[PDB]
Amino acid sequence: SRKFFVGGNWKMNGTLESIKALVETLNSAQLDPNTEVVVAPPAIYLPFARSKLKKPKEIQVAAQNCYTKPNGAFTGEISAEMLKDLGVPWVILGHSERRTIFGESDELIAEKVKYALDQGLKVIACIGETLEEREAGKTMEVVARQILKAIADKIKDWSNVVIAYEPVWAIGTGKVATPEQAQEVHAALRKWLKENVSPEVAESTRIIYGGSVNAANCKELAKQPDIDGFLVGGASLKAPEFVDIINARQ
């Protein structure tokens, strides 16, 4: 009875005109009411995008990142307090691009997750192995360590956590995980949760898949028993395709 969850990570993309058009198509579409829908604009566009949503109770917005600390002398950063002040309900943390391009560590990500949750936010926490880790057979070693470090160390209440498994080799590459590849990891992640946290947390925590999800591969992925939805990058910028992914179980 985990609610199906589909997130749209717009990354560093959008203009006032393209975002208006995207949100308007979302507004007018038939969306599966059993899908929890979150879209993550660039921070400078978060107030505009939310203002255009015709049904703000039905599609929520997310920041793509925030810093570890309360407000202070960190030029260029956005804080979790600010998200709370603006009533932004969600935040993506530990995305592969922050890890690989901006050097964010498991330890820094752990502190962001704890502070965001303490500010009342809901967190999409991202994990995933590289191509070389995958080829060398280290996938479960890597993703088990990432979850332990990012959430299980500091977090007691998992109610407001969603886990996003996004193998780095599937992000933006055109190379999606097969349903069997993704189900294998999700099932092993849920077993890790069951044995290392609690069966209640394993039963209720959504584990969503990301990495080249699109309208033509989402239906077979969504049939997998431990895949609870998707984190969508490129296809989230194409409104009709994002609608189909929201409707992956229909």
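Residue numbers run from 1 along the displayed sequence.
Comparing 87-95 with 170-178, the stretch with the higher mean C-alpha B-factor in the PDB entry is 170-178. Set 202-210 against 26-34 and average the Cα temperature factors; 26-34 ends up higher.
Residues shown: 111, 77, 157, 129. Highest C-alpha temperature factor in the entry: 157. The entry lists C-alpha B-factors for 65, 217, 51, 68, and the highest of these is at 51. Residue 138 sits in the highest third of its chain by CA B factor, as recorded in the PDB entry. When all modelled residues of the chain are sorted by CA temperature factor, residue 14 is found within the middle third. Sorting the modelled residues of the chain by their CA temperature factor places residue 189 in the highest third.
Residue-level temperature factors show residue 73 in the middle third of its chain, judged at the C-alpha atom. Among all modelled residues in this chain, the alpha-carbon of residue 229 has a temperature factor (C-alpha) in the lowest third.
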